[PDB]
Structures are given as C-alpha cells and as structure tokens.
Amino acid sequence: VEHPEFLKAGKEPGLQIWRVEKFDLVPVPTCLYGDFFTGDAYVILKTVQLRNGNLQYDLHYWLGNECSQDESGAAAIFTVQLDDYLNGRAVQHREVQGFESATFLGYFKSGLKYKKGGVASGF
C-alpha cells in the first residue's frame, strides 16, 4: 500500500501508534502514547532491534470496549496491510481493552491509561 504512514513504519527500534479515524490511519501524538480512548481502535507497531542489529516487528490492534464496528474492522484490515507492506514480517496480535497481553502492557513504562469517548464512527 502507498499509505503515507506505511512509509514511516518500522525504520528504527521503538513504538509507533496510530488511531483509526474514519476509515483512515492517523498517527497519535507521541506525548499521548499510552492514553487510549475506550471508544476507539488503534494500531501499534513495536520495532525491536535484536543483538545482531536485525529488526523484529510485532503488530497489535487494540480495540476499545465502545469502538464502532467500522473502527475495529479497519484496525484489523490496516494491520494485515501494514504486515503485507512489511513483507509479512510482523507478528499480529489482537488486543482487547481489559485483556491485553503482558507484552503489550509492557510497552508502556508508566502503565497504559483508559479514557472514555473518542472519534465518531465513519459509518
């Protein structure tokens, strides 16, 4: 995909977070990393550099308890598309609010926060 955010994904070790907003992938301001709108869906790419220097990719789509079906659907599809764009090298992980994996919770050094609301459905 020619998605402009794809061109930025997975270049260096670190965390990148996009929110689904009306059928598009929109980057989250870095200062908001870790506060999730429970009414929204997100795509999180974690890039780890191994001891070799080689890049490893884990791709999490995070689903708020109140996100609309278009948001959770787009998050899943965007995840597949980014994985495909990354030559299939990402391991994909479905993250549900309240039930995230320890690996995912571990990405947030001061612990992730939930907050109500979010961006309106694209439907």
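In this text, residue numbers run from 1 along the sequence as written.
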Using only C-alpha atoms and the B-factors in the entry, which stretch averages higher, 25-33 or 67-75? 25-33
Look over 96-104 and 6-14 in the entry and identify the one with the greater average Cα temperature factor. 6-14
Among the candidates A41, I44, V80, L55, give the one with the maximum CA B-factor reported in the record. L55
Going by what the PDB entry lists, where does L50 fall on CA B-factor within its chain: lowest, middle or highest third? highest
